[PDB]
file run.tsv (TSV, C-alpha atoms)
chain	number	residue	atom	x	y	z
A	536	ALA	CA	99.76	121.02	61.98
A	537	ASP	CA	97.77	118.05	63.53
A	538	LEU	CA	94.32	119.46	64.47
A	539	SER	CA	91.39	117.57	66.03
A	540	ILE	CA	87.89	118.78	66.62
A	541	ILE	CA	85.00	117.47	68.68
A	542	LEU	CA	81.68	116.66	67.00
A	543	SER	CA	78.47	116.61	68.97
A	544	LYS	CA	76.34	113.45	68.64
A	545	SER	CA	74.10	115.05	65.96
A	546	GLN	CA	77.12	116.31	64.04
A	547	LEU	CA	78.67	112.80	64.32
A	548	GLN	CA	75.43	111.30	62.91
A	549	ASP	CA	75.51	113.73	59.90
A	550	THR	CA	79.23	113.34	59.23
A	551	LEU	CA	79.23	109.50	59.36
A	552	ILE	CA	76.28	109.44	56.99
A	553	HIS	CA	78.10	111.71	54.59
A	554	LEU	CA	81.21	109.56	54.73
A	555	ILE	CA	79.53	106.21	54.29
A	556	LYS	CA	77.21	107.48	51.57
A	557	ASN	CA	79.87	109.54	49.59
A	558	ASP	CA	83.46	108.67	50.52
A	559	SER	CA	84.06	105.41	48.67
A	560	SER	CA	87.62	105.18	49.99
A	561	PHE	CA	86.30	105.47	53.57
A	562	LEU	CA	83.73	102.71	52.87
A	563	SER	CA	86.35	100.40	51.13
A	564	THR	CA	88.51	100.60	54.20
A	565	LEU	CA	85.58	99.60	56.51
A	566	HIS	CA	84.56	96.75	54.21
A	567	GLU	CA	88.08	95.39	53.73
A	568	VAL	CA	88.50	95.28	57.51
A	569	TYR	CA	85.02	93.76	57.93
A	570	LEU	CA	85.97	91.01	55.45
A	571	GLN	CA	89.20	90.38	57.29
A	572	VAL	CA	87.47	89.98	60.63
A	573	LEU	CA	84.77	87.57	59.30
A	574	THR	CA	87.16	85.24	57.42
A	575	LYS	CA	89.63	85.18	60.31
A	576	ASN	CA	87.00	84.49	63.00
A	577	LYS	CA	84.86	81.86	61.18
A	578	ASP	CA	84.65	78.79	63.40
A	579	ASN	CA	85.63	75.54	61.73
A	580	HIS	CA	82.43	73.87	62.91
A	581	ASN	CA	78.92	74.90	63.90
A	582	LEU	CA	76.38	72.94	65.94
B	532	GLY	CA	68.12	120.45	57.42
B	533	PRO	CA	71.73	121.77	57.36
B	534	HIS	CA	74.90	119.63	57.02
B	535	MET	CA	78.45	119.72	58.37
B	536	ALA	CA	80.82	121.70	56.13
B	537	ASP	CA	83.81	120.12	54.41
B	538	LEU	CA	86.35	121.39	56.97
B	539	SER	CA	84.76	119.48	59.89
B	540	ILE	CA	84.35	116.39	57.79
B	541	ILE	CA	87.96	116.49	56.72
B	542	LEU	CA	89.28	116.95	60.29
B	543	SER	CA	86.93	114.28	61.73
B	544	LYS	CA	87.40	111.60	59.05
B	545	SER	CA	90.18	109.57	60.62
B	546	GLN	CA	88.64	109.41	64.12
B	547	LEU	CA	85.37	108.32	62.59
B	548	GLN	CA	87.19	105.68	60.57
B	549	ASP	CA	89.01	104.42	63.72
B	550	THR	CA	85.73	104.44	65.71
B	551	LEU	CA	83.98	102.10	63.19
B	552	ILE	CA	87.10	100.08	62.79
B	553	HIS	CA	87.36	99.68	66.53
B	554	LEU	CA	83.76	98.39	66.65
B	555	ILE	CA	84.16	96.06	63.69
B	556	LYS	CA	87.27	94.44	65.14
B	557	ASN	CA	86.40	94.37	68.83
B	558	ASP	CA	82.65	94.10	69.19
B	559	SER	CA	81.10	90.82	67.89
B	560	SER	CA	77.74	92.28	69.01
B	561	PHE	CA	78.17	95.24	66.69
B	562	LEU	CA	78.45	92.95	63.62
B	563	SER	CA	75.56	90.81	64.91
B	564	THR	CA	73.40	93.89	64.81
B	565	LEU	CA	74.41	94.76	61.26
B	566	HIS	CA	73.66	91.21	60.14
B	567	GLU	CA	70.31	91.06	61.95
B	568	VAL	CA	69.11	94.43	60.72
B	569	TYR	CA	70.15	93.67	57.17
B	570	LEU	CA	68.26	90.34	57.28
B	571	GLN	CA	65.30	91.46	59.30
B	572	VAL	CA	64.79	95.05	58.03
B	573	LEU	CA	66.65	95.86	54.76
B	574	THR	CA	66.05	92.74	52.51
C	535	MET	CA	77.83	86.63	69.97
C	536	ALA	CA	79.51	83.27	69.04
C	537	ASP	CA	79.91	82.86	65.24
C	538	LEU	CA	79.37	85.01	62.20
C	539	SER	CA	78.59	83.27	58.93
C	540	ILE	CA	76.80	86.10	57.05
C	541	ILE	CA	78.99	88.25	54.88
C	542	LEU	CA	77.56	91.48	53.65
C	543	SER	CA	78.72	92.98	50.38
C	544	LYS	CA	80.08	96.55	50.33
C	545	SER	CA	76.73	98.08	49.44
C	546	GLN	CA	74.83	95.85	51.88
C	547	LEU	CA	77.16	97.09	54.66
C	548	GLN	CA	76.77	100.74	53.51
C	549	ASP	CA	72.98	100.52	53.36
C	550	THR	CA	72.80	98.91	56.80
C	551	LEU	CA	75.22	101.27	58.48
C	552	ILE	CA	73.23	104.25	57.14
C	553	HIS	CA	69.89	102.79	58.20
C	554	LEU	CA	71.13	102.31	61.73
C	555	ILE	CA	72.88	105.68	61.96
C	556	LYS	CA	69.69	107.37	60.72
C	557	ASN	CA	67.08	105.45	62.69
C	558	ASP	CA	68.52	103.45	65.60
C	559	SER	CA	68.82	105.50	68.71
C	560	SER	CA	71.05	103.29	70.91
C	561	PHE	CA	73.27	102.35	67.95
C	562	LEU	CA	74.13	106.04	67.60
C	563	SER	CA	74.78	106.30	71.40
C	564	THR	CA	77.16	103.42	71.11
C	565	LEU	CA	79.00	105.06	68.18
C	566	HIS	CA	79.14	108.34	70.08
C	567	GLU	CA	80.56	106.76	73.24
C	568	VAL	CA	83.31	104.94	71.33
C	569	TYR	CA	84.05	108.05	69.31
C	570	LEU	CA	84.59	110.13	72.45
C	571	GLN	CA	86.82	107.36	73.73
C	572	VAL	CA	88.80	107.43	70.41
C	573	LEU	CA	89.00	111.23	70.35
C	574	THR	CA	90.20	111.72	73.91
C	575	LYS	CA	92.81	108.88	73.46
C	576	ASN	CA	91.27	107.14	76.53
call {"tool": "encode", "arguments": {"input": "run.tsv", "output": "structure tokens"}}
result
Amino acid sequence: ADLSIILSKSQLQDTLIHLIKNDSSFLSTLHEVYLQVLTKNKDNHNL
Amino acid sequence: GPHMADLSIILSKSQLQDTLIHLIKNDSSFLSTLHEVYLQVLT
Amino acid sequence: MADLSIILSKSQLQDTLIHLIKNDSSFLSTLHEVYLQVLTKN
């Protein structure tokens, strides 16, 4: 039963705002991955 | 103005998640922009 | 973009993502383009 739909650009804008604003599980997943990327990629030295 | 209904949101969620995840992992410029805008605009 | 030292908290990230999605016109184009790429598995 694996259905996909296509959002227009305006409907993508609305949907993403809903999800970031209201879906705390959606937002935790983004932030956990963001954290992972920053800690992994931090250069040992700067200039 | 009107909003998307729950059905569209529910069927879109995981592609939207993957889209942002793709950008966060693979586009250093995408995170630059978040950091700049937070510093420059939001604080 | 070489090195990222800033680390936003969850609600800093949320607030910034929403500001850009609301107000930044090319940022949205960029999301849309990658989304269509994700959707069409290409």
call {"tool": "interface_residues", "arguments": {"input": "run.tsv", "of": "chain B", "to": "chain C", "cutoff": "8 Å", "atoms": "all atoms listed in the file", "output": "list in words"}}
result
residues 546, 547, 549, 550, 551, 559, 560, 563, 565, 566, 568, 569 and 573 of chain B
call {"tool": "atom_distance", "arguments": {"input": "run.tsv", "atom1": "CA of residue 574 in chain A", "atom2": "CA of residue 558 in chain B"}}
result
15.4 Å
call {"tool": "atom_distance", "arguments": {"input": "run.tsv", "atom1": "CA of residue 544 in chain A", "atom2": "CA of residue 542 in chain B"}}
result
15.8 Å
call {"tool": "closest_atom_pairs", "arguments": {"input": "run.tsv", "of": "chain A", "to": "chain B", "cutoff": "9 Å", "atoms": "only C-alpha atoms", "output": "CSV"}}
result
residue,atom,partner,partner_atom,distance
A:538,CA,B:542,CA,7.0
A:539,CA,B:542,CA,6.1
A:540,CA,B:543,CA,6.7
A:541,CA,B:543,CA,7.9
A:542,CA,B:543,CA,7.8
A:546,CA,B:535,CA,6.7
A:547,CA,B:547,CA,8.2
A:549,CA,B:534,CA,6.6
A:550,CA,B:540,CA,6.1
A:551,CA,B:547,CA,7.0
A:553,CA,B:540,CA,8.4
A:554,CA,B:544,CA,7.8
A:561,CA,B:548,CA,7.1
A:562,CA,B:548,CA,8.9
A:564,CA,B:548,CA,8.3
A:565,CA,B:552,CA,6.5
A:568,CA,B:552,CA,7.3
A:569,CA,B:555,CA,6.3
A:572,CA,B:556,CA,6.3
call {"tool": "write_last_selection", "arguments": {"input": "run.tsv", "atoms": "C-alpha atoms", "output": "compact mmCIF listing (two decimals), in the frame of the given file"}}
result
# COMPACT_ATOMS: atom_id res chain seq x y z
CA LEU A 538 94.32 119.46 64.47
CA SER A 539 91.39 117.57 66.03
CA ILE A 540 87.89 118.78 66.62
CA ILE A 541 85.00 117.47 68.68
CA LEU A 542 81.68 116.66 67.00
CA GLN A 546 77.12 116.31 64.04
CA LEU A 547 78.67 112.80 64.32
CA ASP A 549 75.51 113.73 59.90
CA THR A 550 79.23 113.34 59.23
CA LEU A 551 79.23 109.50 59.36
CA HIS A 553 78.10 111.71 54.59
CA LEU A 554 81.21 109.56 54.73
CA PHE A 561 86.30 105.47 53.57
CA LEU A 562 83.73 102.71 52.87
CA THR A 564 88.51 100.60 54.20
CA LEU A 565 85.58 99.60 56.51
CA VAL A 568 88.50 95.28 57.51
CA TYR A 569 85.02 93.76 57.93
CA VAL A 572 87.47 89.98 60.63
call {"tool": "axis_aligned_box", "arguments": {"input": "run.tsv", "around": "range 548-552 of chain C", "padding_each_side": "4 Å", "output": "JSON"}}
result
{"center_x": 74.8, "center_y": 101.6, "center_z": 55.9, "size_x": 12.0, "size_y": 13.3, "size_z": 13.1}
call {"tool": "atom_distance", "arguments": {"input": "run.tsv", "atom1": "CA of residue 538 in chain B", "atom2": "CA of residue 556 in chain C"}}
result
22.1 Å
call {"tool": "closest_atom_pairs", "arguments": {"input": "run.tsv", "of": "chain A", "to": "chain C", "cutoff": "7 Å", "atoms": "all atoms listed in the file", "output": "Markdown table"}}
result
| residue | atom | partner | partner_atom | distance |
| --- | --- | --- | --- | --- |
| A:544 | CA | C:566 | CA | 6.0 |
| A:548 | CA | C:555 | CA | 6.2 |
| A:552 | CA | C:552 | CA | 6.0 |
| A:555 | CA | C:548 | CA | 6.2 |
| A:566 | CA | C:544 | CA | 5.9 |
| A:573 | CA | C:538 | CA | 6.6 |
| A:577 | CA | C:538 | CA | 6.4 |
| A:578 | CA | C:537 | CA | 6.5 |
